[PDB]
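Every residue, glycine as well, gets a Cβ built from its backbone with ideal geometry; the counts of neighbours run over all protein chains shown. Read-outs throughout are calculated quantities, based only on the coordinates presented, and are distinct from any laboratory measurement.
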Ligand SMILES: Cc1cc(/C=C/C#N)cc(C)c1Nc1ccnc(Nc2ccc(C#N)cc2)n1
Ligand SMILES: COC(=O)c1c(N)c2cccnc2n(O)c1=O
Ligand SMILES: [Mg+2]
Ligand SMILES: [Mg+2]
C-alpha cells in the first residue's frame, strides 16, 4: 500500500436558528424499493453512504426514476429542504472567463475527475442531516436508514466544496509548472500549454502522478472530448473562438416570447458579430409581458431583423489575447441611442465585439452616451484583460475639449484618438457665457391653471415685441418651456433670453441634443439654427422689469 | 496578547460585497503583499464555508512608490457594533484645527501586533481576483486588527495611550488625535522644530515596534490655522449693466435664504421697464444704500449654526472651471459649518476626475481635523464615471460615503 494524503474536510453548518430537515418519505412501489435497495447496497459497498441507527431524527425523501429507454432505475435523493437550511458558501464559479481573454494554446487535454469527487469526505458533524429512508417491503419492518459520507449530488454545498478541494490539491502543481494552465469545469480538468506535444503529454502524466498522492485516478483511455469544445455557449478552438451557431428562425407571425428569444440570441451574437442591433425589436416588448401575445413587427423592426440576418449569414471568429500587445477599442454611433464597438490588437483581427444602448431618461446627448460607452468598455476590459484599451473615437479632439472644459460635471475618458468614420459625434449648440451686445432681449414666462390645465406662454422684448399664446392641456413647467420656444422662434440669429424657470434652465443647461419631449426637441431644433444665445435666469416676483411685465400677461 | 470580543450589530450578517475589477498591476501588487502578510501570520487562507467578502484594492500613498493594500471596509464598519465600553467616546479635540502645523502619520502598521477575536475573523474575508476569472480568486481573512476597520483604533486605543504617554507628558502643548490608521500631530513650533518632534515621535513607535512599518517614515503636513473660508461677497462696480443687476438680485435672493434682512426692492426698481441686458444702469442713492446694508449683513456670521455630533456631515462640491472647485459642509441646508475653494489640484490639469478625487480627499481631511468624522459627499459626476476611475487617484487609508448629483445646481453661480 502506498500512503495517500487525506482530503481536508470543510466544516459545514446549518443557517442560524434552523434545524435539519424532517421530511416524510413517500410510499413506493415494491419494484422501486427493490431497485433502491440494490443501488444503495453498492453505494454502501463503495463507502458513499452508511447505515444508521434509529436515533437520528432527520430525513430527506428518496425517489426511484426510470432511466429512459432502459430497464435500469436511478435513485434521486431530493435535498431541496436541506438546501434551504444549509449555510451559504463562497461560490467560486460566479464569474466565468470570457474567451476573448484566453491565451492561444498549442495543446489542451481533458482529464475526467468524476471519480475524485467521491474521495472528498463530507464534514462528519453534518452527515446526520443527510439521512434518508428506503421504505421497507410491505411496511412490515423498519425502513433502511442511511446517511452520506461524501458530497451528495444535489446538495447545496457540493459544487463549492468539490471545486475548492480540487483547487487546493492542484495549487502546488500549477505554481511549479507556470508553463501550463488548469481550469476545472464540472467533472473535468482542462490542461493547456504551448509545449511540443511530447512534453505536454509528459506534463499530463506528471499531473496524474501528482493527483495519485491523494489517491485520485483519471481514465487512462484518453478522453473522447477534444477541441473544439462546446462550453458556456461558445466554441473554443486552439487558436480561435466563436459563439455556438446563431440561427434566427423564420416566422409568419411573432409572439412576445419569440421576440424575447430573438433578442437574447442577438445580444449573445453581438459579442463577436459586429454591428448587431436590437433597438427596434426590443421596442416591441415595451411594458407587456403576456408571452403568447402576437405583436406585429413594425417596418423598422423588419428592417433591423433583415440587417441582422445579413450580418449572421456566415461564421465569424475571435482571436485570443496576446499580452505583449496593446488593446485597441473602436466605437461607432449607430443611431437611436445605439453604439457598437470592436476590440482588437492587430488590425482586422477582433478579440471581441459588443454594443451599448442609451440609458432610459428624459434628455441626453451624444457626447454623454459616448462617454458612457467608454466607461462600459473600460470596465469590461479590466475584467477580461486587466487593462484599459486605447480608444479610437468618432469625436474630434477639439469637440471633446470644448465639452469637458465647459460641462458642469466632472468627466474623463482615458487615452484616445480621433477616428474619422461618420457619423461623427459633435456639439449641436453652445450657449453664450455673457450677454450679447446688440441682440434683442426676450423676457419669457408661463402660467397654467392646475385644475383646468389651461395656460399661457409668452414674451416681451426691449424693442416692444410681444406675444402671448393661450394653451390647453399644459402645466406651469411646460408653459415655461413653450415661452422659451416662442422667443427662439420670433428672434433673430442672436438673442438674449431671460427666464425665471429654474426647471427650464436646468434642462437647457444640461445640453441635451435629443429628448423624449417633442417640445424640448423643438427648442433644440431652434437652438441649432441660432448663431448666439444667452440664457439668463432671474427670481420670479422680485420686481424685475421685463420679467414682471410678461408674468402679468401670462398669469391673468 | 489576549483578544477583545467583538460582535456585529443585532440581526445583521457579515458583509457580502462584490470584488470590483482590478488591473493587472494591482493584482500583482496584492499577491506580493498578501504572500508576505500570510508568512507573517497576519492573514490566513480560508475555505468555501466562509461566504463573506469585502473589496480590496491597492494604492500608492502621497509621495511614495511602494504599493499599499487598501481594504474597503465601509460595509463591515456599518455592520460592526459600536465601541463605547471603556470610554463613551474620545471627545474630539477642538484645539487640533487651531494649530499652526499638523502632521499626519500612518500608524496603521501598529494594528497588526494585536490578534483579532477568533469568532469575528470570518467577517474580514476578502478576495484577490484573477484576470478574466481564469483562476479562483485568492481568499483570505485577518488574524490581527485590520487597517481600515473601525474596531482597530478602538481596540488598540489602550495600547496607543500607553505608547504615547512619555511624549505627551514631555510635550504638553502638542495635540495628538487618532482617526482610523492616521495619527494627527499638531503644534505651534517653527516647522524645523515641528519636524524634529514628529521625528522624535516616530522613534517611540519604532522603539515600541522592536519590543519595520512600511509607511511610518512618511509625513503629510497641514496648516489648519491658515485654512481659508468663503464668506458671501458682492461685486464692487462703477458701471452696472442690466445683466449685472439681475445676477446681483439673484444672488441676494439666494442669500436671503441664509441671512435675514436682505433686501432687493431698491435694486430691482432700477430695472423698471423692459431693458436690454447690456444697458448700463446708474445706481440710485437708495439702491447703493440697500447694497451697502446687504454687504454689512453678509459680513456677519450665519445665525443659529451649531454642530450636532449625532447628525451626518454633508459636503457639496461644484466644478467652477480652470481647475477651481468650491465646496460647502453642512448638516442642515443653509447652515454651512465650513465653505472653501480649491484651485491647486495637483498633477491633474487635464483630468476632471483626478481633480475631484483629490478635492474629496482634502475635504475629508479637513472634516476629520475639525469634527473627527467624514462627510457624505454630493458629487457632481455620473456614478459610472466616478466608480470607474476614483480608485486610480485615491491616496488615503479611509473612504467616505458619496452620492451623485445629476441636475446642475444654480448654487454654482453663487459660490463662483
Ligand atoms: C477558461 C478555460 C476553459 C477551458 C475549456 C472548458 C471547456 N469545455 C479550458 C481552459 C484551459 C481554460 N483556461 C485557460 C486559461 C488561459 N488560456 C486558455 N486558453 C485556451 C483554452 C482553450 C482552448 C481550446 N480549444 C484554447 C485556448 N484557457
Ligand atoms: C404667483 O406666481 C408665482 O409664485 C410664480 C412661481 N412660483 C414661479 C416658479 C417658477 C417659475 N416661474 C414662476 N412664476 O412665473 C410665477 O409667476
Ligand atoms: Mg415663471
Ligand atoms: Mg410668472
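For the range B:222-307, what relative contact order do you get, as a whole percent, if you take Cα pairs closer than 8 Å and at least 6 residues apart?
Numbers: 69 pairs, mean separation 31.3, N = 86.
For the range B:222-307, the relative contact order is 36 percent.
Relative to the compact-globule scaling 2.2 N^0.38 Å, provide the ratio for the alpha-carbon radius of gyration of the range A:107-191.
On the way: Rg = 18.0 Å, N = 85, 2.2 N^0.38 = 11.9 Å.
With N residues counted in the range A:107-191, Rg over 2.2 N^0.38 Å equals 1.51.
How much length is gained if the chain between residue A:201 and residue A:267 is pulled fully straight, taking 0.36 nm per residue apart and subtracting their Cα-Cα distance, in nm to one decimal?
In short, 19.9 nm is gained.
How shielded is A:401-408 by partner chains, expressed as the average number of their Cβ atoms within 10 Å of its Cβ atoms? Show your work: numbers first, answer last.
Working: counts 1, 0, 0, 3, 4, 1, 5, 10.
Average neighbour count from other chains, rounded to a whole number: 3.
Using only alpha carbon pairs under 8 Å that are at least six residues apart, calculate the relative contact order of the range B:308-416 and give it in whole percent. Numbers along the way, then the final one.
Numbers: 151 pairs, mean separation 27.9, N = 109.
With pairs under 8 Å counted, the relative contact order is 26 percent.
Summarise the long-distance tail of P(r) for the range B:308-416 by giving the % of C-alpha pairs beyond 21 Å. Could the numbers behind the result be given before it?
Values: 1801 of 5886 pairs.
Across the range B:308-416, Cα pairs with separations above 21 Å total 31 percent.
Multiply the residue separation of residue A:360 and residue A:252 by 0.36 nm, subtract the distance between their alpha-carbon atoms, and state the gained length in nm to one decimal. Provide the component values of the computation, followed by the final result.
Details: separation 108, 0.36 × 108 = 38.88 nm, distance 3.14 nm.
Answer, rounded to one decimal: 35.7 nm.
For the pair residue A:379 and residue B:292, what calculated FRET efficiency results from E = 1/(1 + (r/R0)^6), where r is the Cβ-Cβ distance and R0 = 60 Å, to the nearest 0.05?
Numbers: r = 55 Å, r/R0 = 0.92.
Result of the calculation: an efficiency of 0.60.
Using alpha carbon coordinates only, what is the Rg to Rh ratio of the protein assembly as shown, with Rh defined as the Kirkwood radius?
Details: Rg = 34.9 Å, Rh = 34.0 Å.
With Rg and the Kirkwood Rh in hand, the quotient comes to 1.03.
Express in % the proportion of alpha carbon pairs of chain B at distances exceeding 34 Å.
Numbers: 35553 of 86320 pairs.
Above the 34 Å cut-off, chain B has 41 percent of its Cα pairs.
Taking square-rooted eigenvalues a ≥ b ≥ c of the alpha carbon gyration tensor, is the range A:1-86 rounded, prolate or oblate, where a/c under 1.5 means rounded and, failing that, a/b exceeding b/c means prolate? Before the final figure, lay out each step's value.
Working: a/c = 2.00, a/b = 1.16, b/c = 1.72.
Here the range A:1-86 falls in the oblate category.
Given the C-alpha centroids of the range A:45-71 and the range A:101-154, what is the distance between them in whole angstrom?
Result: 11 Å between the Cα centres.
Can you give the average number of partner chain beta-carbon atoms within 10 Å of each beta-carbon in peptide A:378-389, as a whole number? Please list the in-between numbers first.
Numbers: counts 5, 5, 1, 2, 9, 7, 4, 4, 12, 4, 3, 0.
Per-residue shielding by partner chains comes out at 5.
Once every DSSP H run of n ≥ 4 in chain A is given -39500 (n - 2.57) and the sum is divided by its residues, what mean residue ellipticity at 222 nm do you get, rounded to the nearest 500 deg cm²/dmol? The partial results should precede the final answer.
Details: 13 runs with 164 residues, N = 556.
Mean residue ellipticity, 222 nm, calculated: -9500 deg cm²/dmol.
Please say if the range B:222-307 is rounded, prolate or oblate, where rounded means a/c under 1.5 for a ≥ b ≥ c the square roots of the C-alpha gyration tensor eigenvalues, and otherwise the choice is prolate for a/b larger than b/c and oblate otherwise? Working shown, then result.
Working: a/c = 2.63, a/b = 1.95, b/c = 1.35.
Here the range B:222-307 falls in the prolate category.
Under 37 °C and 0.692 mPa s, how fast does the range B:89-241 diffuse according to Stokes-Einstein, given a Kirkwood radius computed over C-alpha pairs? Answer in µm²/s, whole number. Each step should come with its number before you reach the end.
Working: Rh = 18.5 Å.
Estimated via Stokes-Einstein, D reaches 177 µm²/s.
Using the basic label-point model (7 angstrom from Cα toward the beta carbon), what is the residue A:94 to residue A:307 distance in nanometres?
Here the answer is 3.7 nm between the modelled labels.
Among A:497, A:4, what is the fewest-to-most ranking by other Cβ atoms within 10 Å? Can you show the working numbers first?
Values: A:497 26, A:4 12.
So the residues, fewest neighbours to most, are A:4, A:497.
Volume per residue, Å³, of the convex hull around the alpha-carbon atoms of the range B:150-207?
On the way: hull volume 4.6 nm³, N = 58.
Cα-based convex hull of the range B:150-207, divided per residue, equals 80 Å³.
Could you calculate the FRET efficiency of residue A:450 with residue B:272 from 1/(1 + (r/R0)^6), where r is the beta carbon distance between them and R0 is 35 Å, rounded to 0.05?
On the way: r = 31 Å, r/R0 = 0.88.
In this case the efficiency is close to 0.70.
Mind listing the Cα extents of the range A:34-83 along all three principal axes, in Å, largest one first?
Result, largest extent first: 39, 26, 17 Å.
Going by how many other beta carbons lie within 10 Å of each one, how would you line up B:99, A:68, A:478, A:532, fewest first? Present the calculation step by step, with values, prior to reporting the outcome.
Working: B:99 24, A:68 5, A:478 20, A:532 15.
Fewest-to-most ranking of B:99, A:68, A:478, A:532: A:68, A:532, A:478, B:99.
Take the alpha carbon gyration tensor of the range A:228-321, find the square roots of its eigenvalues, order them as a ≥ b ≥ c, and report rounded if a/c is under 1.5; if not, report prolate when a/b exceeds b/c, else oblate. Don't skip to the end; give the middle numbers.
On the way: a/c = 2.63, a/b = 2.06, b/c = 1.28.
Because a/c hits 1.5 or more and a/b exceeds b/c, the range A:228-321 counts as prolate.
So, in nm, how far is label residue A:115 from label residue A:136 when the simple model puts each one 7 Å beyond its Cα toward the Cβ?
Going by the 7 Å Cα→Cβ label model, 3.8 nm.
Within 10 Å of each Cβ in peptide B:391-404, how many partner chain Cβ atoms are there on average? Round it to a whole number, please. Write out the running numbers ahead of the final one.
On the way: counts 0, 3, 0, 0, 0, 0, 0, 0, 0, 0, 0, 0, 0, 1.
That average works out to 0.
Which value in nm describes the separation of the simple spin-label points at residue A:34 and residue B:12, placed 7 Å from the Cα toward the beta carbon?
Distance between label points: 6.2 nm.
For residue B:161 and residue B:225, what does the FRET efficiency come to when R0 = 22 Å and r is the distance between their Cβ atoms, rounded to the nearest 0.05?
Details: r = 27 Å, r/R0 = 1.20.
With a Förster radius of 22 Å, E is 0.25.
Tell me, how many Å apart are the Cα centres for the range A:354-399 and for the range A:466-517?
31
Once the principal axes of the Cα atoms of chain A are found, what is the range along each, listed largest first in whole angstroms?
107, 62, 49
Per DSSP H run of n ≥ 4, the term is -39500 (n - 2.57); total these for chain B, divide by its residue number, and report the mean residue ellipticity at 222 nm rounded to 500 deg cm²/dmol. Write out the running numbers ahead of the final one.
On the way: 11 runs with 128 residues, N = 416.
The helix contribution divided over chain B gives -9500 deg cm²/dmol.
Which value, in Å³ per residue, describes the convex hull spanned by the Cα atoms of the range A:322-428? Walk me through the numbers before you get to the answer.
Working: hull volume 12.0 nm³, N = 107.
Measuring per residue, one finds 112 Å³ for the Cα hull of the range A:322-428.
At a 10 Å Cβ-Cβ cut-off, how would you order A:341, A:58, A:443, fewest neighbours first?
Values: A:341 25, A:58 19, A:443 31.
Ordered by Cβ neighbours within 10 Å, fewest first: A:58, A:341, A:443.
Quick one: P(r) of the range A:429-556 from all Cα-Cα pairs, 10 Å bins, percents rounded to integers, in order of increasing distance.
Calculated P(r), rounded to whole percents: 14, 49, 33, 5, 0.
How big is the range B:1-137 by the Kirkwood estimate over distinct Cα pairs, in Å? Working shown, then result.
Numbers: mean 1/r = 0.0569 Å⁻¹.
Computed over Cα pairs of the range B:1-137, the Kirkwood hydrodynamic radius comes out at 17.6 Å.
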